[PDB]
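Rule-based calculations on the coordinates, nothing more; no lab input. So basically every Cβ, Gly included, is an ideal-geometry build from the backbone, and we count neighbours across all protein chains shown.
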Amino acid sequence: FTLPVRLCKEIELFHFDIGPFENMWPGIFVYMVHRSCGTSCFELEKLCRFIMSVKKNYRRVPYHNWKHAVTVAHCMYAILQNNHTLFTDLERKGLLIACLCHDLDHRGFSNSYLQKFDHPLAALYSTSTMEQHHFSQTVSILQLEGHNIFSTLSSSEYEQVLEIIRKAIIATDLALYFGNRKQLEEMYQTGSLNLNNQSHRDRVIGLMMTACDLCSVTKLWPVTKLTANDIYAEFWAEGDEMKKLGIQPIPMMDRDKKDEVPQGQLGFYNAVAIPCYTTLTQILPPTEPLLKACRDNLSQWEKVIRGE
Amino acid sequence: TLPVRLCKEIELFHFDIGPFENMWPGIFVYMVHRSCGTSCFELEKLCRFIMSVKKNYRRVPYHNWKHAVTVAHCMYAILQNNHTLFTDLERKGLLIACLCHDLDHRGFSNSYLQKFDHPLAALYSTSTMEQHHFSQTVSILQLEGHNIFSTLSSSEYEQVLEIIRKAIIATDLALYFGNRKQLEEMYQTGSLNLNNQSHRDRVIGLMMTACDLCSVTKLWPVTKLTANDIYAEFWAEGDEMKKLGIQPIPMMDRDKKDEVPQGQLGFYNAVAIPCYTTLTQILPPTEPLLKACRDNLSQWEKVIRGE
Ligand SMILES: O=C(c1ccc(Oc2nccnc2N2CCOCC2)cc1)c1nc2ccccc2[nH]1
Ligand SMILES: O=C(c1ccc(Oc2nccnc2N2CCOCC2)cc1)c1nc2ccccc2[nH]1
Ligand SMILES: [Zn+2]
Ligand SMILES: [Zn+2]
Ligand SMILES: [Zn+2]
Ligand SMILES: [Zn+2]
């Protein structure tokens, strides 16, 4: 498993696409962990066994699948490589893993639908339902024989990296991003923001997770547009299921409103995506290429609205 | 509050603090209050400290009170554009360190002192003047009503005094070469880590070098005029070498003043550009220091040709 010449070069770029060849993705992840963390961070036999078991617990859904897991992990890699001196030894181990596992066992449905349907996970986890489950799955996979990639850490170190991972996976709940960014934006403008404060640090990691999870909007236009087809294929399926409960779904998830997709994306870029990468770039300036691509894609969506 | 123009231009890296000596203390207080906050030091006590520091700098061409306040401003600019990295203690201590870092400088290098057989060279065998600078800082803090860190706990007071000590010692330019080479390797391999204390000390050591040489990052007129003051000290030291029967290096020899352009060219190539290059790699927001340094190198090339 040696990475080809075009891949070694272009994996350093934020807008890299991991390609259609599924069996190279495990190798691509190991390359990223070895460059970001080091070759002696993990026992290689355990890591691959952990990687393949994680792959097995992702589902064949249009968007929230194995490819998305690795794509999110890669965005994080690109953030780590360009802000590398900021992160602790534990963060260098736990963040890439958190990103790989952050949508483990996704059904293809929102937290909202799980509540409406009354799914068992909704009763077990009231807030951030899928996210608490994703972490639960991550812990459950670590406890399989030979899957403890953190076995050489002390007890203290093990509990700390699992907390990092937990908070990071929970932060991928988009309902928490709005409040979190507001705080960060306020902390940055008043100059109170400080990475040596653990709570402030958690918030910045939480924003990084959001930025990685939304990174499809920071790719080149063709990747962004084609990835959009997979996102809506899931939402339209959820809206179909909402109608089967006798509930009118929001326009976002109604396939009968395909025509309004460009306007819906433009609304999302202005209200969510642009603010996320704007604030991230203020806190971490080397992440600007993400913001730059998001603005280029914003311009393309309004180019589609005008009909050109 | 400062006048409107200073408020705006003090945030710029290439800011010059001006000829008005009695505005410099107020410039420093302003910088301290924006980096750290308005409730870090007791103002009356801080002003008393500053004027005692002022009184213990000497009337020499370059290593004077103006140098001290100018170095502190570069550190202020660095801290303001990398505000999230450093703690409250580190911001407090680094500005103060910068202000105190050349305390009681005579206008002579360590090598002259050890070759003259000066008492300080017997006391401090390595980084002679630098160990003296810190020693002077401690003496000023020990005076009645001068301990600006009196609100701190003992634990915190010791931490900031170590920050100040290490930072001042790093301004020994003989330590810079080793420090930069180590940071370059750690940056390339990816092992560089600011949460590692020893690594963090080195980055601060490089920041101190960068602030200390910041005359090369100003606009050309400032950079060129400041060079007259630097060479005035060096030539005076070169005269003292000749007094001892020792032929000084061309750097300190006033007979070879027409080689200055080439001497400066070689300094930028070998010390200054590599310093700010490495600093920009580790802290990208300090990039304007590099650009400006590159621009002044162009000017020195332009002087050598005659253009
Ligand atoms: O805001 C919309 C919206 C917001 C976010 C969406 O998901 C994502 N889009 C781009 C990138 N990433 C997205 N997510 C990925 C999966 O997790 C949630 C965010 C889709 C539509 C939206 N509103 C609409 C109204 C009518 C028709 C279509 C509409 N679309
Ligand atoms: O390299 C020189 C050199 C290097 C550094 C110098 O001092 C500084 N110049 C610019 C900015 N900062 C300087 N220092 C400030 C004080 O501490 C030492 C560095 C001067 C000449 C140098 N070599 C020369 C040979 C002949 C004639 C003149 C020569 N000059
Ligand atoms: Zn998710
Ligand atoms: Zn996700
Ligand atoms: Zn000095
Ligand atoms: Zn100095």
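Name, by its number, the condition in (1) of a type in the set (S, T, N, Q); (2) within 14 Å of another protein chain (Cβ to nearest Cβ); (3) surrounded by fewer than 17 Cβ atoms within 10 Å (Cβ to Cβ) that does not hold for residue A:23.
(2)
Kindly indicate the residue of segment A:34-56 that is outside any helix (DSSP H, G or I) and in contact (Cβ under 8 Å) with a residue 60 or more places away in the chain and also farthest from the other protein chains (Cβ to nearest Cβ) among those meeting that condition. Please lay out each step first, then the result.
First pass over segment A:34-56, keeping only residues outside any helix (DSSP H, G or I): A:37-43.
From the residues that got through so far, the ones that are in contact (Cβ under 8 Å) with a residue 60 or more places away in the chain too are A:42-43.
Values: A:42: 16, A:43: 20 Å.
My answer is A:43.
Any residue at all in segment A:226-244 that is over 21 Å from the mean Cα position of the chain (by Cα), within 14 Å of another protein chain (Cβ to nearest Cβ), free of Cβ contacts under 8 Å to residues at least 40 places away in the same chain and part of a helix (DSSP H, G or I)?
No: segment A:226-244 contains no residue that is over 21 Å from the mean Cα position of the chain (by Cα), within 14 Å of another protein chain (Cβ to nearest Cβ), free of Cβ contacts under 8 Å to residues at least 40 places away in the same chain and part of a helix (DSSP H, G or I).
For segment A:189-207, what are the residues that are within 10 Å of another protein chain (Cβ to nearest Cβ) and part of a loop (DSSP other than H, G, I, E, B)?
Filtering segment A:189-207 for residues within 10 Å of another protein chain (Cβ to nearest Cβ) gives A:191-197, A:200-201, A:204.
Passing the criteria: A:191, A:192, A:193, A:194, A:195, A:196, A:197.
May I ask you to list the residues in segment B:65-112 that are polar (S, T, N, Q), more than 16 Å from ligand 5 (Cβ to nearest atom) and buried (at least 19 other Cβ atoms within 10 Å of the Cβ)? Can you show your working first?
Taking segment B:65-112 and keeping what is polar (S, T, N, Q), we get B:70, B:80-82, B:84, B:87, B:109-111.
Then keep just the ones that are more than 16 Å from ligand 5 (Cβ to nearest atom); that gives B:80-82, B:84, B:87.
The answer is B:84, and nothing else.
Of the residues B:76, B:62, B:112, only one is farther than 22 Å from residue B:145 by Cα and within 14 Å of chain A (Cβ to nearest Cβ); which?
Going through B:76, B:62, B:112 in turn, the sole match is B:76.
Please go through segment B:1-15 and pick out each residue that is surrounded by fewer than 17 Cβ atoms within 10 Å (Cβ to Cβ) and either of a type in the set (D, E, K, R) or under 18 Å from the mean Cα position of the chain (by Cα) (or both).
B:5, B:8, B:9, B:11, B:12 - these are the residues of segment B:1-15 that are surrounded by fewer than 17 Cβ atoms within 10 Å (Cβ to Cβ) and either of a type in the set (D, E, K, R) or under 18 Å from the mean Cα position of the chain (by Cα) (or both).
Check whether at least one residue in segment A:272-292 is touching an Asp or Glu at 6+ places or on another chain (Cβ under 7 Å) and on the phi < 0 side of the Ramachandran plot, and report yes or no. Lay out the reasoning, then the answer.
Our first condition is that a residue be touching an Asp or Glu at 6+ places or on another chain (Cβ under 7 Å); within segment A:272-292, this holds for A:279, A:281.
Among the residues that remain, those that are also on the phi < 0 side of the Ramachandran plot are: A:279, A:281.
Yes - at least one qualifying residue is present in segment A:272-292.
Answer yes or no: is there a residue in segment A:142-154 that is away from every other protein chain (no Cβ under 14 Å) and either β-branched (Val, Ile, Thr) or within 12 Å of ligand 4 (Cβ to nearest atom) (or both).
Of the residues in segment A:142-154, the ones away from every other protein chain (no Cβ under 14 Å) are A:142-154.
Next, from what is left, pick out any that are either β-branched (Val, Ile, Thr) or within 12 Å of ligand 4 (Cβ to nearest atom) (or both): A:149, A:152.
Scanning segment A:142-154, I find at least one residue that is away from every other protein chain (no Cβ under 14 Å) and either β-branched (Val, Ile, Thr) or within 12 Å of ligand 4 (Cβ to nearest atom) (or both), so the answer is yes.
Test residue B:152 against the stated conditions and say whether it is among the aliphatic types (A, V, I, L, M), in a loop (DSSP other than H, G, I, E, B) and within 16 Å of ligand 5 (Cβ to nearest atom).
Details: among the aliphatic types (A, V, I, L, M): yes; in a loop (DSSP other than H, G, I, E, B): yes; within 16 Å of ligand 5 (Cβ to nearest atom): no.
No: the conditions fail for residue B:152.
Do we find a residue being closer than 26 Å to residue B:285 by Cβ, without any contact (Cβ under 8 Å) to a residue 12 or more places away in the chain and away from chain B (no Cβ under 14 Å) anywhere in segment A:287-301?
yes
Please work out which residue is surrounded by the most Cβ atoms within 10 Å (Cβ to Cβ), limiting yourself to segment A:261-285 and to residues that are within 19 Å of residue A:203 (Cβ to Cβ) and of a type outside the set (A, V, I, L, M, F, W, C).
Among those residues, the one meeting the criterion is A:277.
Looking at segment A:208-223 only, could you name the residues that are surrounded by fewer than 21 Cβ atoms within 10 Å (Cβ to Cβ) and part of a helix (DSSP H, G or I)?
Of segment A:208-223, the ones surrounded by fewer than 21 Cβ atoms within 10 Å (Cβ to Cβ) are A:220-223.
Within segment A:208-223, A:221, A:222, A:223 qualify.
Scan segment B:86-96 and give yes if some residue there is part of a loop (DSSP other than H, G, I, E, B), within 15 Å of the chain's Cα centre (by Cα) and either away from ligand 2 (no atom under 16 Å from the Cβ) or within 27 Å of residue B:14 (Cβ to Cβ) (or both), otherwise no.
So in segment B:86-96, the residues part of a loop (DSSP other than H, G, I, E, B) come out as B:86-87.
Those still in the list that are within 15 Å of the chain's Cα centre (by Cα) too: none.
So far as segment B:86-96 goes, no, none of its residues is part of a loop (DSSP other than H, G, I, E, B), within 15 Å of the chain's Cα centre (by Cα) and either away from ligand 2 (no atom under 16 Å from the Cβ) or within 27 Å of residue B:14 (Cβ to Cβ) (or both).
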